[PDB]
Colleague: 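The structure that follows is given in the form of structure tokens.
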Amino acid sequence: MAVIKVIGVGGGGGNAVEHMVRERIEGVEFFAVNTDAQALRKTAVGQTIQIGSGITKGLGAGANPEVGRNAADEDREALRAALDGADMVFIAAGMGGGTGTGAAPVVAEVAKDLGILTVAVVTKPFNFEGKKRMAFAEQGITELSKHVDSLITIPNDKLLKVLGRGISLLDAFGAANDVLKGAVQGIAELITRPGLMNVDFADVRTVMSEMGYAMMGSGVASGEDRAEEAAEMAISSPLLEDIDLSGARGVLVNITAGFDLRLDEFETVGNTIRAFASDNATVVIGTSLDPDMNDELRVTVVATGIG
Amino acid sequence: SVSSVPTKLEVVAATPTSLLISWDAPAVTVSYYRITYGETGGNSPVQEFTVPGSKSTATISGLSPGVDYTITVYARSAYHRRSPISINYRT
Ligand SMILES: Nc1nc2c(ncn2[C@@H]2O[C@H](COP(=O)(O)OP(=O)(O)O)[C@@H](O)[C@H]2O)c(=O)[nH]1
């Protein structure tokens, strides 16, 4: 029921939204924001929104976050127009360029001022991309922090550990696309394809509103021990590596199963979460349903308010 | 360009009652693969089994000659939700 919009901001964020449209996420509405008008028109990215027509005459941001932020301030009204009506917005961007690092904080602040649940899902550049890009991404994330409800960062450097031997540069970037998608999907599917333990959107709000920094990981398992093994793989994910989970102010957990989920399995996942979780912690655990699933399970864990 | 995981699936050997399938090594670690098969159009429930994520082949046995089968390989990975790949074959 709750209306979810997904906004890719900038070239990396548009590459992420393009993959999400093609691969499909059920029940969300897609948009791309960019300063580069030619890149906006190249492929199927849902509804497009050009920003910074005055400053950057459709030619891009020149990899400079000051120009991408200036471009965003020009047509705040354009963004407010298309965001209007949503209950939740995911903003996806690769930090460390020009448009994403500078325009994503502004898109986030507009969404907030409409009372929308604003979730940023952003990447940090690979180490081989250089120190300047990484430093840019840090300031844009700090700027982004002022005007979001939750900020999930995906450091691409942690994906290198799970990448195949001899992989291509292109496939490495496409793998980071899949993680952003799996990240939006794992949260949004609690609303768009609920299971028996359907999460109320007001509870999603409690666990993500005005929370600050967040991290997520996931596991998957099949067989008799699918519940405990998927849950432990998620808490052991390399994207949660550096996070002490007992220090999170909120935990949001999505159990994706078919129709065969047993009571002792829902107990088991929750026991696992509640054992580490602090006691001043909002804990929200629901199921989502995937029908083409048999004797298997996915568990997604979002630790919110870790700042 | 294939977009599914795995990106390629082929029968690499075939006997009257068995098929050996091959797929390509994935760009991203796979926990396990889920393989299903059954007679194309049949009324009988599809069969299935899992192989570990570090395998690039599997053997389907117990089949009967001169029957067309549909074979589907799901890749289960914590790092994506990519669609499965599927092929047809007659024993
Ligand atoms: N997921 C994904 N990330 C990318 C892609 N290309 C670049 N990135 C990352 O996103 C960061 C920002 O670059 P980019 O978004 O293209 O700059 P911008 O166009 O000015 O926003 C880069 O430093 C890369 O680490 C892509 O195709 N997919």
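For the numbers below, each heavy atom of this structure counts, side chains included, while hydrogens, waters and symmetry mates do not. Within every chain, numbering begins at 1; the chains are lettered A, B, ... in the order of the sequence lines, protein sequences first and strands thereafter.
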Colleague: Might you work through the side chain to side chain contact (heavy atoms under 4.5 Å, CB included) test for A/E23 and B/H80, ending with a clear yes or no?
Modeller: CA-CA 11 Å; A/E23 304 285 336; B/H80 59 62; over 6 Å; no
Colleague: Side chain to side chain contact (heavy atoms under 4.5 Å, CB included) between A/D87 and A/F201: does it pass, once the steps are laid out?
Modeller: CA-CA 9 Å; A/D87 294 297; A/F201 182 80; 3.9 Å; yes
Colleague: Check residues 280-291 of chain A and write down every donor-acceptor pair under 3.5 Å in which the side-chain atom is one partner and the other belongs to a residue at least two apart or another chain.
Modeller:
residue	atom	partner	partner atom	Å
A/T287	OG1	A/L196	N	3.4
A/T287	OG1	A/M197	N	3.2
A/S288	OG	A/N254	OD1	2.8
A/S288	OG	A/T256	OG1	2.6
A/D290	OD1	A/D292	N	3.1

Colleague: Atom CD1 in B/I71, atom OG1 in B/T40: separation rounded to 0.5 Å?
Modeller: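 Rounded to the nearest 0.5 Å, the CD1-OG1 separation comes to 10.0 Å.
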Colleague: Pairs in or reaching into residues 49-65 of chain A: which pass side chain to side chain donor-acceptor pair (under 3.5 Å), with residues at least two apart or in two chains?
Modeller: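 For residues 49-65 of chain A, and leaving out neighbouring residues, there are no side chain to side chain donor-acceptor pair (under 3.5 Å) pairs at all.
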Colleague: Between A/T272 and A/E228, do the side chains contain a donor N or O and an acceptor N or O under 3.5 Å apart?
Modeller: no
Colleague: Give, for atom CG of A/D171 and atom OG of A/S168, the distance between the pair rounded to the nearest 0.5 Å.
Modeller: 3.0 Å
Colleague: What pair of heavy atoms forms the shortest contact from A/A234 to A/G219, and how long is it?
Modeller: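 Closest approach of A/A234 to A/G219: CB-N, 3.5 Å.
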Colleague: Is it true that A/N70 and A/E74 share a donor-acceptor pair across their side chains at a distance under 3.5 Å?
Modeller: no
Colleague: For a quick test of reading the model, state the closest non-hydrogen atom pair linking B/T72 to B/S86 and the distance between them.
Modeller: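 Nearest pair, atom of B/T72 first, then B/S86: OG1-OG, 3.5 Å.
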Colleague: Taking the basic N atoms (NZ, or NE/NH1/NH2) and the acidic carboxylate oxygens, is any pair closer than 4.0 Å for A/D113 and A/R76?
Modeller: no
Colleague: Show the numbers, then the answer: is there a side chain to side chain contact (heavy atoms under 4.5 Å, CB included) between B/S64 and B/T91?
Modeller: CA-CA 7 Å; B/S64 347; B/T91 42; 5.7 Å; no
Colleague: Considering only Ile, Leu, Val, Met, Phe, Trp and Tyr, and joining two whenever side-chain heavy atoms are under 4.5 Å apart, list the other residues clustered with A/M211.
Modeller: none
Colleague: Could you tell me which residues satisfy side chain to side chain donor-acceptor pair (under 3.5 Å) with A/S145, sequence neighbours excluded, listed by chain and number?
Modeller: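 For A/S145, the residues satisfying side chain to side chain donor-acceptor pair (under 3.5 Å) (neighbours in sequence not counted) are A/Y213.
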Colleague: A/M293: which other cluster members, linking ILVMFWY side chains closer than 4.5 Å, directly or transitively?
Modeller: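 For A/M293, no cluster forms, as it stays isolated from other hydrophobic side chains.
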Colleague: Thinking salt bridges, do A/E210 and A/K112 make one under a 4.0 Å N-O criterion?
Modeller: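 A/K112 and A/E210: salt-bridged.
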Colleague: Identify all side-chain donor-acceptor contacts of residues 136-144 of chain A below 3.5 Å with residues at least two apart in sequence or on another chain.
Modeller:
residue	atom	partner	partner atom	Å
A/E138	OE1	A/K124	NZ	3.1
A/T142	OG1	A/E138	O	3.2

Colleague: Indicate yes or no for a side-chain donor-acceptor contact from B/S77 to the backbone of B/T29 under 3.5 Å, with no hydrogens or angles considered.
Modeller: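 Yes, because the side chain of B/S77 sits within donor-acceptor range (under 3.5 Å) of the backbone of B/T29.
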Colleague: Any idea which heavy atoms bring A/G100 and A/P105 closest together, and the distance?
Modeller: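 Distance-wise, the nearest heavy atoms are O-CD, 4.0 Å.
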Colleague: Could you go through residues 42-55 of chain B and list every donor-acceptor pair under 3.5 Å that involves a side-chain atom there, pairing it with any protein atom two or more places apart or in another chain?
Modeller:
residue	atom	partner	partner atom	Å
B/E48	OE1	B/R34	NE	2.8
B/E48	OE2	B/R34	NH2	3.0

Colleague: Could you check A/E267 against A/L263 for side chain to side chain contact (heavy atoms under 4.5 Å, CB included), going step by step and ending with a plain yes or no?
Modeller: CA-CA 6 Å; A/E267 298 193 90; A/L263 187 300; 3.2 Å; yes
Colleague: For A/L163 and A/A175, which heavy atoms make the closest approach, and how far apart are they?
Modeller: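 Minimum heavy-atom separation between A/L163 and A/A175: CD2-CB, 3.7 Å.
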Colleague: Counting distance only, does the side-chain N/O of B/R90 pair as donor-acceptor with the main-chain N or O of B/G66 below 3.5 Å?
Modeller: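 Between the backbone of B/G66 and the side chain of B/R90 there is a qualifying donor-acceptor contact (under 3.5 Å).
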Colleague: With sequence neighbours excluded, what pairs up with A/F276 under the ring-ring contact (aromatic ring centres under 6.0 Å, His included) test?
Modeller: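 A/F276 satisfies ring-ring contact (aromatic ring centres under 6.0 Å, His included) with no other residue.
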Colleague: How far apart are the closest heavy atoms of B/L63 and B/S18, and which atoms are they?
Modeller: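 Closest approach of B/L63 to B/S18, heavy atoms only: CB-N, 4.5 Å.
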Colleague: Is the backbone of B/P6 close enough, under 3.5 Å, to the side chain of B/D24 for a donor and an acceptor to pair up by distance?
Modeller: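 Judged by distance alone, no pair lies under 3.5 Å.
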Colleague: Is it the case that the side chains of A/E296 and B/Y32 hold a donor-acceptor pair, with the cut-off being a distance below 3.5 Å and no angle test?
Modeller: yes
Colleague: Could you work out the complete set of other residues in the hydrophobic cluster of A/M134, with links drawn between I, L, V, M, F, W and Y side chains under 4.5 Å apart?
Modeller: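 None, because no other hydrophobic side chain comes under 4.5 Å of this residue.
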Colleague: Working to the nearest 0.5 angstrom, can you tell me the gap between A/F90 CZ and A/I25 CD1?
Modeller: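 Reported to 0.5 Å precision, the distance equals 8.0 Å.
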Colleague: Looking at A/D279, I'd like to know if its CG atom is crowded, meaning that more than 12 non-hydrogen atoms belonging to other residues, nucleotides or ligands lie closer than 6.0 Å.
Modeller: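 Result for CG/A/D279: open.
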Colleague: With B/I21 as reference, evaluate B/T57, B/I35, B/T59, B/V12 under the side chain to side chain contact (heavy atoms under 4.5 Å, CB included) test and give the passing residue.
Modeller: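 The side chain to side chain contact (heavy atoms under 4.5 Å, CB included) with B/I21 is passed solely by B/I35 among B/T57, B/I35, B/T59, B/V12.
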Colleague: What pair of heavy atoms forms the shortest contact from A/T192 to A/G27, and how long is it?
Modeller: CG2-O, 4.2 Å
Colleague: Side-chain atoms of residues 178-189 of chain A: list all donor-acceptor pairs with protein atoms under 3.5 Å, sequence neighbours left out, distances to 0.1 Å.
Modeller:
residue	atom	partner	partner atom	Å
A/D178	OD1	B/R82	NH1	3.2
A/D178	OD2	B/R82	NH1	2.8
A/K181	NZ	A/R24	O	3.1
A/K181	NZ	A/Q185	OE1	3.1
A/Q185	NE2	A/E189	OE2	2.8
A/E189	OE1	B/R81	NH1	3.3
A/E189	OE1	B/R81	NH2	2.8

Colleague: Return yes if some donor-acceptor pair links the side-chain N/O of A/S246 with the main-chain N/O of A/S278 below 3.5 Å, else return no.
Modeller: no
Colleague: Can you sort out the partners of A/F126 under ring-ring contact (aromatic ring centres under 6.0 Å, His included), two or more places apart, ordered by chain and number?
Modeller: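 Residues passing ring-ring contact (aromatic ring centres under 6.0 Å, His included) with A/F126: A/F128, A/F173.
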Colleague: Hydrophobic side-chain clustering at under 4.5 Å (ILVMFWY, transitive links): who's grouped with A/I49? Put none if nobody.
Modeller: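 Direct or chained contacts put A/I49 with A/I7, A/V9, A/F31, A/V33, A/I51, A/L79, A/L83, A/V89, A/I91, A/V107, A/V110, A/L114, A/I116.
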